[PDB]
Amino acid sequence: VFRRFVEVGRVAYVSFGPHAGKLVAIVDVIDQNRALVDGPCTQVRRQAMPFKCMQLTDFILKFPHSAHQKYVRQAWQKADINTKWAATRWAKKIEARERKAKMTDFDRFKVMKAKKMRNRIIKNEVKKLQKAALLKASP
Amino acid sequence: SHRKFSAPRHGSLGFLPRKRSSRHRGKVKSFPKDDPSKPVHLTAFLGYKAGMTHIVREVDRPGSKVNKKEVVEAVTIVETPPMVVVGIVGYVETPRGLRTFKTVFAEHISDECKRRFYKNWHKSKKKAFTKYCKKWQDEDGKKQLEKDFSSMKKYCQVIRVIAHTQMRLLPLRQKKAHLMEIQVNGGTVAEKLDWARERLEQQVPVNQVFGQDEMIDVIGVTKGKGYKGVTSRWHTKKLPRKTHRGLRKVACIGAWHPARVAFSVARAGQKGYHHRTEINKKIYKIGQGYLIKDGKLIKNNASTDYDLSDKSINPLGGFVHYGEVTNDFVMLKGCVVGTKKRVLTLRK
Amino acid sequence: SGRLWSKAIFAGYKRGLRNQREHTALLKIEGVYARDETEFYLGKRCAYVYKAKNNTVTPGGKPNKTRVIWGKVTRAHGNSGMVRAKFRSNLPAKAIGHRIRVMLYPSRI
Amino acid sequence: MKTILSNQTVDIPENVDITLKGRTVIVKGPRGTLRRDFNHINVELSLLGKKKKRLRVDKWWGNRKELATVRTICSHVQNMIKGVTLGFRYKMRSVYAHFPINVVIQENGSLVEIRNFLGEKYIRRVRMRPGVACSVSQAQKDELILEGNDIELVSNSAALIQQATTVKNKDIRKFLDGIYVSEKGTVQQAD
Amino acid sequence: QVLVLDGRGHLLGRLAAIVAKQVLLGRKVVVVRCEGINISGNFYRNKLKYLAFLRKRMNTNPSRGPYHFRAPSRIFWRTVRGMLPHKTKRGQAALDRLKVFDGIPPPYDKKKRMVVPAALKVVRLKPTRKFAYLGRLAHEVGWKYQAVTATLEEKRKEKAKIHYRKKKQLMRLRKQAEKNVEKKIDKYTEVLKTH
RNA sequence: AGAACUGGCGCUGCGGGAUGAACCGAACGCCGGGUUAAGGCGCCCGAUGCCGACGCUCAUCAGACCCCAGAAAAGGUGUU
RNA sequence: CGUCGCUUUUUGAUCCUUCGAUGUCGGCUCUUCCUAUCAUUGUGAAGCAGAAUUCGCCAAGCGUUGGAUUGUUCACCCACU
RNA sequence: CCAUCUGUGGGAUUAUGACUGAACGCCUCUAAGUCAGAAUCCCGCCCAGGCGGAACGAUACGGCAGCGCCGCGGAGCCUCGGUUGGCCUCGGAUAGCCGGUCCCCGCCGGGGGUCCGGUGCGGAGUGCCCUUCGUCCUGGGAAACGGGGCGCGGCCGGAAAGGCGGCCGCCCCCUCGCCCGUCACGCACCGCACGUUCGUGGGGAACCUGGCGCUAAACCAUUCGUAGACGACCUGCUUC
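In the order they appear, the protein sequences are chains N, B, g, J and P. The opening residue of the first sequence carries number 2 in the deposited numbering; numbering runs sequentially from there. The opening residue of the second sequence carries number 2 in the deposited numbering; numbering runs sequentially from there. The opening residue of the third sequence carries number 2 in the deposited numbering; numbering runs sequentially from there. The opening residue of the fourth sequence carries number 1 in the deposited numbering; numbering runs sequentially from there. The opening residue of the fifth sequence carries number 5 in the deposited numbering; numbering runs sequentially from there.
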């Protein structure tokens, strides 16, 4: 229980505020409800974001306790976070979530035609697994 | 203010609508709630009180000063001919109380029964249940009549039995059956119901439901006293002699500042014919009366182990304003609600 | 084939606390729930559709039992994102809780 | 203050092993089992390590009145572990004046019928919580022994006797009668 | 058309505020299983301030005057009647839409219930503080049909667990059906466009 | 009960104070737009349906907005 | 010796309302309500050995009478409980 | 009360008393947790039963009428609201859901490994019909159910408001019900509002209209008096 903490060097997501959507790295905590973040390769500079603003990931880093901006920058890209943040099944969730809103209206038509084709195939094939689950036990 | 001498209440607020009951038969408010650990039986029963006599018993109460001595005690004897079970009703509870699930009547119904379902027997063509008895007889409804038992047994929770008096055996003018709906407190609800399936249109005496010295309750409708004012209805004090505008009133019927007459205060209205429920009457003697025809008529009632005369419980020349008791009876210690010639329902 | 408007329940009149102003309505339209995204709905032509006993037909041909009261969106109203409106008649005051029809008209897109 | 964290450490001996379905604690030992659920208290329980079974209940932020209850967790768990390896023997000793109190047990070691307390005609049925045991001590006058695993239910059992034999409307400084508890011990003595 | 509110886990006024506005907008709400409605504060305080309500009685006949209901069906209902302008006809007609029900009735058991996260016990109380049930205090005041609803709470929950048995059985195969062939020409337009 | 200075009701609506002569705003032809005042923004009731910020407080009689419609001495290992 | 209050069951202070009238002492009759409890239940404290009394808490469900004098509210007295 | 008869127990707790036990290494009835607990409090018992609801019975001929249930299309009158529906785990929130062996409940569901997922993607910010102009001509991919219905009849399922859901066996008939394309037509109504549904909605009146049935009652006058100020109630009436 409580599998991921806050810590000097925890990569944190930031869902809202004036810095919505980008990652940070906790540099030091100040007074329980707020903390000091910065990000070198994610374009958010060094400031104090509150904890109810942010959003924790799994990625810890190895920092000295509240070092300068350069010592975040190396250990960021020595860890290569944006690659390890790319192929996760949570950044695919936010990126899918933002694909669908900007979907142009012709692209809504292409989805609508080609969604029901795989519904008129899966529904017409899971009905046969209903047929084959009872021809088995027909004796 | 501050009365200067405390007085108790006159009357009871627990019986506050001093008002004619909506009914003539004593409706049972709450049958004793069934525990299925007991063998299967009834609770309630219909009977007509006739009059009162008295008794002499050898009291037996070790610890009292009355003991080992003759006591006269007031009894009341109640003529109870046997009932006939006609219908079964199952109830299922909801979160809004018990709801009447469905009914089943008898195969064929008697003559005084159908007279209850009409307000005028003469003008009517006596047509009740004449399109109901075909579905016991023809097979078309008959397989869906046992559907109505199969769905009875699973869902309903307390079953009650529609039975009524026999008026042919009673010396009155009335000849309408008093139809009731009485609860079986039997075992499991299949066998609570498999006892009443046996016995539609079959007679039931009182000595199966009740026994000797079983202490029962009486539910019935009180005296018709009329429309009587304050000091008679509520037994408030008469005013002193000097009083202008009346000896027999209550005087002060409220304060000022509640500018509104309270309900608590006594005032004129309708005295009697209320519904009441007497508690803890003792049965003394279950009676059987006027047996078979070979011994052409043996009467033999009013027979203790010490008087021992071929007598009859009705007095020398019939009861006053009743008639003549010919049937099974119940006799009960004390005074019991209701005028003579009036139905009252008994209850364990 | 197809519906071409937005469902919009009719919330009240632009009231103070005691007296109310009949000359402007206000509409909570279904879908917007903030002031940030009410900028689409400004200046849209909206209409209250109801029934009568008499027959008349504005468009088409054959008359019928249907008549309409026009109107248009004026401006936003409160951070909840409901919208004050301003019809060319005043409202029947039956319409409280009923919806109206808010079109896809007068586009700036 | 909202202190960061507080934590006690609870050791478990090797003949008893603790499993949890969440906040609920299931303890099984040599002489049976007993369980306590802490579904209201909002503190995580953490088992850690094989072969040794260190328990470490730790509470985060908290106000001080919720900080105070984490010691109550380890002081209730260490009366199940002791209660499932030893159990609690309660020795209540009857004191009486001129009337000797006489006492029996009818139902299997669970019901106690007390008579002639101070000179009454009235007997007292003190029915115990299900899970404890009666014992009249021999090789000793009028000593009553109560056993069982769970220290609540054994002491709830031992309270309903001490509270039933109470002298009313009198001096209770003098008129000292009753069935007073005297010693709460172990069943397996010194193990 | 109609929305259905599962009633358990909520607070009383923090739910009944939201219903009182949504019923003034011409909608139709049905609150279902209003027995497990909570109320903040400890229990004995919430039992004092309802016995304090029962001593309110007009001293010339109580048969007119404050009608103290007892069932938690009609306790949540009299709260919402407090928050609608019932003395005018616009507030009379905002009670022809709310139909509170206790337990889960058979017209309303086979619908997908909706809950309010704006009113829950998890969200709105601080977790270290004490909370009552609307059910068991209505057991304390007169609503004597408690167990014969908890008898029917399980008898609905029995037949609902056997639906979830076979809804996932009618869902376990369509994951096995999509492990078959020739659909990935139509996964191509959806993985690109939020499947 | 009686005064002094100045304002106010009387003679005067309206917004707010639940309600009211006198408080707080503010003074009036009839109207359409826009904005604020005192005030308010769970729902009656227009408006926080803000991812509002920081700490305090649990009552078995909680507390909850000038005049204003109920309180003191004294006390508490209830909590900061 | 002090000192802080509550209460409107006592009088007094004030004149706000009523002078084209609000029928004004006391008793008799009846209902309700408060609790600052005399009794009854649960209880705690004593200069509580028991009995008998006394102090506080929870508590208004139910009780709190019969008379001599007085026109009386009050007062006083016998008797009961 | 001047004669007699009867008068009803369950629960949550107050005060006080304890338990377990921290705060504060002990202690402590409390901070969390529990226990006993009474003329108070609520309920039952007891009295009335509402602009509340059931179940069930009986449902109007004579001489011509007349009335239900089912099948009807024709016209007219009135009331209006809506514009696709989601067919259901339990609960937890200092925690949770998925799929899955071992040993258990009459060949399913129950307990433990282990494996996934987790700011919920087996995600009501989601899902499925779908935004379906219609049709022809024609070719590729998907397809062996055909699917509406006057169906025909059977079956059990769901009582807390069952008014609701599936299956089987035949059948006028469909072999064009969907995706990707070939080809060409229908009011293409000359820029413009109330269009698109629900729904052959809810109401009551009458005519041409098939098949099935249906032959009552209440109230009053009359009588009684278990009852009554008048109404109300209680009863009676057979040509035996």
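From the three backbone atoms N, C-alpha and C, an ideal C-beta is built for every residue, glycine too.
- Does DSSP put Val84 (chain P) in a helix, a strand or coil? helix
- Query: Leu99 (chain P): which of P:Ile43, P:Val119, P:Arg178, P:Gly30 sits nearest, CA to CA?
  - Reply: P:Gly30
- Query: Which residues in the same chain as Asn328 (chain B) place their Cβ atom closer than 7 Å to its Cβ, once the five residues preceding and following it in sequence are excluded?
  - Reply: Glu80, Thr81, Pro82, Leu170, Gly290
- Task: Mind listing the chain N neighbours of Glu194 (chain P)? Cutoff is C-beta to C-beta under 9 Å, in chain order.
- Result: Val112, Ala115, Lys116, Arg119
- Item | Any C-beta of chain g under 8 Å from that of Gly30 (chain P) | yes
- chain B beta carbons: is any one of them nearer than 8 Å to that of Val152 (chain P)? yes
- Message: Please confirm whether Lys2 (chain J) has its beta-carbon closer than 8 Å to some beta-carbon of chain N.
- Response: yes
- Item | Buried versus exposed, by CB contacts within 10 Å (16 or more), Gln96 (chain P) | exposed
- Task: Using the Cα positions of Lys137 (chain N) and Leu130 (chain N), report the straight-line distance between them to the nearest angstrom.
- Result: 11 Å
- Item | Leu102 (chain P) versus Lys60 (chain P) - alpha carbon distance | 27 Å
- May I ask you to list, following chain order, the residues of the region 90–106 of chain g that have a beta carbon less than 8 Å from some beta carbon of chain P? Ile97, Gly98, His99, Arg100
- Item | Residues of its chain near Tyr49 (chain B), where Cβ-Cβ distance is below 6 Å and the 5 sequence neighbours each way are ignored | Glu80, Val344
- Query: With contact counted as at least three CB pairs below 8 Å, one residue from each stretch, are the region 122–138 of chain J and the region 156–165 of chain J in contact?
  - Reply: yes
- Quick one: which chain g residues come within Cβ less than 7 Å of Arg94 (chain P)? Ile97
- Message: Is it the case that the region 193–204 of chain B contacts the region 117–127 of chain N, given that we only count it when at least three CB pairs across the two stretches are under 8 Å?
- Response: no
- Going by Cα to Cα distance, which pick from P:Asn184, P:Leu7, P:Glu39, P:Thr193 is closest to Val152 (chain P)? P:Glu39
- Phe60 (chain N) (DSSP reduced to helix, strand or coil): strand
- Which runs of the alpha helix (DSSP H) spanning at least 4 residues fall entirely within the region 77–107 of chain J, listed in chain order? 81–85
- Using a Cβ cut-off of 7 Å, pull out every chain B residue sitting near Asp190 (chain P), in sequence order please. Near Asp190 (chain P) there are no residues of chain B at all, since even the closest Cβ is about 50 Å away, more than 7 Å.
- Item | CB contact flag (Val338 (chain B), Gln204 (chain B), <8 Å) | no
- Task: Note down, in chain order, each residue of its chain lying with its Cβ closer than 7 Å to the Cβ of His55 (chain B), except the 5 sequence neighbours on either side.
- Result: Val73, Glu74, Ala75, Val76
- Would you mind giving the Cβ-Cβ distance between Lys197 (chain P) and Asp108 (chain N), rounded to the nearest angstrom? I have them listed as a contact below 8 Å. 6 Å
- Task: May I ask you to report which of helix, strand or coil DSSP gives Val41 (chain B)?
- Result: coil
- Message: Any beta carbon of chain N sitting closer than 8 Å to that of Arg178 (chain P)?
- Response: yes
- Item | Backbone CA spacing between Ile12 (chain J) and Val95 (chain J) [nearest angstrom] | 40 Å
- Start and end of the beta strand (DSSP E) containing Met113 (chain N)? It is not in any beta strand (DSSP E) - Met113 (chain N) instead sits in the alpha helix (DSSP H) that spans 106–133.
- May I ask you to report which of helix, strand or coil DSSP gives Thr155 (chain P)? helix
- Through-space distance from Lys52 (chain g) to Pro64 (chain g), alpha-carbon basis: 12 Å
- For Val16 (chain J), which option in J:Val25, J:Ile4, J:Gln140, J:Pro30 has the closest C-alpha, if you only look at C-alpha atoms? J:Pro30
- Between the beta-carbon of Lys342 (chain B) and the beta-carbon of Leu173 (chain B), is there less than 8 Å? yes
- Residues that DSSP places opposite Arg22 (chain g) in a beta bridge: g:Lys15
- Query: Taking just the CA atoms, how far does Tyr192 (chain P) sit from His66 (chain N)?
  - Reply: 47 Å
- Task: Could you tell me whether the Cβ of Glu44 (chain J) comes closer than 8 Å to any Cβ of chain N?
- Result: yes
- Backbone CA spacing between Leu141 (chain P) and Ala75 (chain P) [nearest angstrom]: 10 Å
- Provide the residue(s) that pair with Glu279 (chain B) in DSSP beta bridges, ordered along the chain. B:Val219
- Taking C-beta pairs closer than 8 Å, name the residues in chain B that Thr64 (chain P) reaches, listed in chain order. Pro259, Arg261, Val262, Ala263, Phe264
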